[PDB]
Amino acid sequence: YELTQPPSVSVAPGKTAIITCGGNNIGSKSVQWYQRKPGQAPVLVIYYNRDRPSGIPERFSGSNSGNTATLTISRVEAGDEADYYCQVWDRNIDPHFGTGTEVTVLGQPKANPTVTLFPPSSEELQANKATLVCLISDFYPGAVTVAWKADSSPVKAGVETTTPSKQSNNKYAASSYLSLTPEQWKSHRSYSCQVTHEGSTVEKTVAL
Amino acid sequence: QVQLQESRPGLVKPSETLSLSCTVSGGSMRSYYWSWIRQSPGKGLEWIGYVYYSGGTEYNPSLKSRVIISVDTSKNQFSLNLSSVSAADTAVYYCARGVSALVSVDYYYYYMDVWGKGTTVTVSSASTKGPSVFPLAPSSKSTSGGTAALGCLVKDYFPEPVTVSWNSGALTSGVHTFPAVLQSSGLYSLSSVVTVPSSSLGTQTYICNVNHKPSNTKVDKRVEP
C-alpha cells in the first residue's frame, strides 16, 4: 500500500490551503495528519480523519472519503508554513506515511540580509589557526551568494558557505567561513565578506 | 505530563548495529504502542516498527530483516536495534507514543500523540571529534547603533549535532545559532551569536554553553570584550 501527496502547495495569506493525500480506498482507513517544521519534531494536528488534539486551532480541518483525504488550512498565516504528512494506521493496516506536502505562503515581503563579520580570535591565532566568520540573517527572497576578498582581490580557496536555512520567522539564514593561516591574516590590510541578494550586495570589512 | 527522551546522538560505523533507547517519564508504559520513526530530507517520515507494552512487536516489511524493538518496563524504556547499517540509515530517529482508540467491536484506529525530540544518527566510518570553542568578541565599539554582537565559534567537530545556549538558558532574546558548515577536512564548524545592548557589556557576563553529546563534551566559554 502507498499514499501519495503533492510535493508543494502555494497559498496567499488569509486564503485557504488544501492539501491532498491519495490512497486506494483511503476513505475507509483512519487518516492522521502531522505537521513538521524545520528542525522540529512532528506534531499531530488531525486524527481519525477530522479530530483535533487539544490546542490545534480550528483553522485546521480534516476530511476523508473515497480515494482522497484532505487537510484544509483556513486563514493561512506565515506560521503555517511546514511539511504536512498524512498517515493511515488502524485495525486493518500498519502505519503508512504520505510523501509530505510543503506549504509555502505567497507574498511575503522581501528582506535584505543582515551581515555580521568577525575576525579571528586572539585565542585561535595563538593556536596557529585563523577563521573569518561571516554570518548572514533575516533575508527572505530565499538565496544568497557570498564572495570574499583580501584587500581588493577575490579570495577563493578556504571559503565554505552553508546552504540557506529557514529561520523561525520564515526568513533565511546562512554562514560563510574563510580559513587562512595567521600569516595570511596579518599580511593583508583588510578582508571583506560580500553578500549578494537579488542583484544587490552588502559588504563588511575587518582588519587586523 | 508524559515526555519521551531518545538516547544520545552520534555516529554508527558502517555494518555495525545502531542501538537506541527511549525513556518515558511522567507516565506509564501500559496500554501504548511504543514506536520508532525516522526522517531524512527527501526520505520523508518512515515508520520503523512498534512494541506493545507487554512485548509484542510489529515491523516495517522493508526493514523487518534488520530490526529488533524491545521494551524494559522496569526502567520505563524501550529500544531499537538496527543491524548492518549503511549510509541509507543516516537519519533523525524519533520515538513516539502510539495510542489505540476503540470505535466498535470490530474497528479501532491509532495515532502518535507524544513524540520525542529526535536523535541525529550519522552512519560514518570517520571518527567522532570534540569541538574547539573560540570566543567571537564584540567589536570595541558598536557598528549597529547601540547593540553589540558577540558569539562563539564551535570549530572542527564530528559528527553532528551541537547545541548552544547562553548564560545557562537565562539569555534567549537575540540569540541566533547558525547551522554548521562542512569544511573540506570533513569536519563541521558552527557559530552562535547574541545581540545585546552595548551598555550591558559592563554589567553582564556572557557565557556560551556548547554541548557536543557525541563526544561527551560540554564547553562554557566566557566571551569578553
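Just the heavy atoms: all of them, side chains too, but no hydrogens, waters or symmetry mates, feed the values below. We name chains A, B, ... by the order of the sequence lines, and we start the count at 1 in each one.
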Handout entry: Within 6.0 angstrom of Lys64(B) NZ, more than 12 heavy atoms from elsewhere
Key = no
Give the minimum heavy-atom separation between [X] and [Y], together with the two atoms involved.
{"X": "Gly151(B)", "Y": "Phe118(A)", "result": "N-CZ, 4.4 Å"}
{"X": "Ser191(B)", "Y": "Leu135(A)", "result": "CB-CD2, 4.1 Å"}
{"X": "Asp156(B)", "Y": "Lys129(A)", "result": "OD2-NZ, 4.1 Å"}
{"X": "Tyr94(B)", "Y": "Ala41(A)", "result": "CE2-CB, 3.5 Å"}
{"X": "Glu160(A)", "Y": "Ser184(B)", "result": "OE2-N, 4.1 Å"}
{"X": "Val181(B)", "Y": "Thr161(A)", "result": "CG2-N, 4.1 Å"}

Part of [X] lying under 4.5 Å from any heavy atom of chain A:
{"X": "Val103(B)", "value": "side chain"}
{"X": "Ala96(B)", "value": "neither"}
{"X": "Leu150(B)", "value": "backbone"}
{"X": "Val133(B)", "value": "backbone"}

Problem - Validation row: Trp47(B), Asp94(A) side chains within 4.5 angstrom (heavy atoms) - result: yes
Using non-hydrogen atoms only, which part of [X] is less than 4.5 Å away from chain B: side chain, backbone, both, or neither?
{"X": "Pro42(A)", "value": "both"}
{"X": "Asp83(A)", "value": "neither"}
{"X": "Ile136(A)", "value": "backbone"}

Exercise for the section: Return yes if a side-chain donor-acceptor contact under 3.5 Å exists between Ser30(A) and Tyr107(B), otherwise no. Expected result: no
Handout entry: Spacing of CZ belonging to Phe134(B) relative to CG belonging to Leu125(A), to within rounding of 0.5 Å
Key = 9.5 Å
Practice task
Rounded to the nearest 0.5 Å, what's the gap from OG1 on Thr116(A) to NE2 on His176(B)? Could you check?
Solution key: 10.5 Å
Practice task
Could you tell me whether a side-chain N or O of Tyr34(A) sits under 3.5 Å from a main-chain N or O of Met112(B), the two making a donor and an acceptor?
Solution key: yes
For the candidates [options], which exhibits the highest count of non-hydrogen atom pairs separated by less than 4.5 Å from chain B?
{"options": "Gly158(A), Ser121(A), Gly100(A), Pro95(A)", "value": "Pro95(A)"}
{"options": "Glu124(A), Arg36(A), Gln167(A), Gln32(A)", "value": "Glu124(A)"}
{"options": "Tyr47(A), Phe97(A), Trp89(A)", "value": "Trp89(A)"}

Under 4.5 Å, counting heavy-atom pairs only, tell me which of [options] racks up the most with chain A.
{"options": "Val92(B), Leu153(B), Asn60(B), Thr195(B)", "answer": "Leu153(B)"}
{"options": "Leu182(B), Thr143(B), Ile37(B), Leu45(B)", "answer": "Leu45(B)"}
{"options": "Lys43(B), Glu46(B), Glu58(B), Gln183(B)", "answer": "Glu58(B)"}
{"options": "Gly44(B), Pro135(B), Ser139(B)", "answer": "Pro135(B)"}
{"options": "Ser144(B), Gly118(B), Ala149(B), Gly42(B)", "answer": "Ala149(B)"}

Exercise for the section: Output, in order, the C-alpha distance, side-chain angles, deciding distance and verdict of side chain to side chain contact (heavy atoms under 4.5 Å, CB included) for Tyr111(B) and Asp51(A). Expected result: CA-CA 11 Å; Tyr111(B) 55 87; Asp51(A) 292 352; over 6 Å; no
